[PDB]
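Shown below, as structure tokens, is a lone chain in the form deposited in one PDB entry; questions about how it binds or moves come after it.
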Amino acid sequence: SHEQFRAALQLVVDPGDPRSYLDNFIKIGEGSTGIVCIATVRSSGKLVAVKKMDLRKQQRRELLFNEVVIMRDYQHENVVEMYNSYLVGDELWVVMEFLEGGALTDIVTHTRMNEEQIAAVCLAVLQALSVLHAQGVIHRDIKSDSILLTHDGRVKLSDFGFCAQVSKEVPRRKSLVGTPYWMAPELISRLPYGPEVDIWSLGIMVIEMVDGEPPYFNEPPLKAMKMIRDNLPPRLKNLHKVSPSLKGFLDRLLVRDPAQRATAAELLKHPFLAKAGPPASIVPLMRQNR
């Protein structure tokens, strides 16, 4: 079965081996589907990222094709640029843009963002989601770990390994996918769902940005899911630490009934996002500057 899948991947990826033009691989990250290294382009001295995913180490091996469909069809300003894909031994390698500012996780766990900064992030993410949802693409793993930054504060969506497409022929998805603490209620309830689940997950990320952790983060994953499924929408630790504008925004995200939840398109017009600062406003939050 493994050799069968190797062959299948070979027919969709680029030919060759990026080790022929890259030097000095250094591991910088570990994700749900594999590791991420920086590498130096020999000819230019430029830095790229290389995501390496072991075919044998996947829960759902077929989801590896998501990397390919996204790379081919859904490139965008607030989405990480993907350059080439390769089959290297038993691994799928994706050579992509290096986002040197790192992931939003490092910021939310170590510093407190103000609302100019939170609004900047939300605006960037919602811009990406509005375009993706309009083409039927659902990300399904929105969380601070999936948001990457450039050195000058530009925000980009990454980690599309769990995404799916809906359409007239396939209006809803049914799969149990994502990261427990960020999963929408209807998804946990095993109801057919749509792009609305990304909006709930963004709400949880707003809580990350304000409080530093998602709700129920101290609980075990399976217990947290049960609590998300059963209880009223999760609450901020301290409501006084958010403006009424941000509270009103968050209230449109964390709605249990998917039909009543705001869409990305509608949220781009919300007053809270008027507070959004330029990318420069994010820069002082990064490790190399604080």
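Start at 1 with the first residue shown and count on from there. Rigid core (definition): largest C-alpha set, two forms, superposition within 1.5 Å.
J.: Find the stretch among 256-264 and 57-65 with the larger RMS C-alpha deviation in 7 other deposited structures of this protein, all structures being superposed on the shown form by the rigid core.
T.: Looking at 256-264 versus 57-65 in 7 other deposited structures of this protein, the farther one turns out to be 57-65.
J.: Root mean square C-alpha distance from this form after a core fit in 7 other deposited structures of this protein: higher for 269-277 or for 12-20?
T.: If we average over structures and residues in 7 other deposited structures of this protein, the farther stretch is 12-20.
J.: Which wins on mean Cα temperature factor, 122-130 or 212-220?
T.: Looking at the recorded C-alpha B-factors, 212-220 comes out higher on average.
J.: Quick one: say whether 267-275 or 20-28 has the higher mean Cα B-factor in the deposited entry.
T.: Mean B over CA atoms: larger for 267-275.
J.: Which one of 75, 158, 105, 84 shows the top CA temperature factor in the record?
T.: When the deposited C-alpha B-factors of 75, 158, 105, 84 are compared, 75 is largest.
J.: Of the options 52, 46, 247, 60, which has the highest CA B factor as deposited?
T.: Highest C-alpha B-factor among the listed residues goes to 60.
J.: Taking the C-alpha B-factors as the PDB entry records them, is residue 169 in the lowest, middle or highest third of its chain?
T.: For residue 169, the deposited C-alpha B-factor lands in the highest third.
J.: What third of its chain's C-alpha B-factors does residue 138 belong to: lowest, middle or highest?
T.: Ranked within chain, residue 138 CA B lands in the lowest tercile.
J.: Hey, what third does residue 198 fall into on Cα B-factor, ranked over its chain?
T.: Lowest third of the chain for residue 198's C-alpha B-factor.
J.: Residue 66's Cα B-factor: lowest, middle or highest third of the chain?
T.: It falls in the middle third of the chain.
J.: Is the Cα B-factor recorded for residue 280 in the lowest, middle or highest third of its chain?
T.: According to the entry, residue 280 has a C-alpha B-factor in the chain's highest third.
Not on display, but discussed next: the form solved in complex with a partner chain.
J.: Identify, from the list 165, 130, 150, 179, the residue with a heavy atom within 4.5 Å of the partner chain in the entry with it bound.
T.: Result of the distance check: 179.
J.: Within 4.5 Å of the partner chain in the entry with it bound, heavy atoms considered, which of 186, 196, 141, 115?
T.: Only one option qualifies, and that one is 141.
J.: Within 4.5 Å of the partner chain in the entry with it bound, do 32, 145 and 222 each have at least one heavy atom?
T.: Every listed residue reaches the partner chain in the entry with it bound, so yes.
J.: Among 121-129, 214-222, 70-78, 86-94, which stretch has residues whose heavy atoms lie within 4.5 Å of the partner chain in the entry with it bound?
T.: Of the stretches listed, the one contacting the partner is 214-222.
J.: Quick check on residue 172: any heavy atom within 4.5 Å of the partner chain in the entry with it bound?
T.: Flag for residue 172 set to no.
J.: If we define contact as a non-hydrogen atom of the residue within 4.5 angstroms of the partner, is residue 59 a contact of the partner chain in the entry with it bound?
T.: Residue 59: yes, in contact with the partner chain in the entry with it bound.
J.: Using a 4.5 Å heavy atom cut-off, state whether residue 63 contacts the partner chain in the entry with it bound.
T.: Judged by the heavy-atom cut-off of 4.5 Å, residue 63 is in contact with the partner chain in the entry with it bound.
J.: May I ask you to state whether residue 110 is within 4.5 Å of the partner chain in the entry with it bound, using heavy atom distances?
T.: Residue 110: no contact with the partner chain in the entry with it bound.
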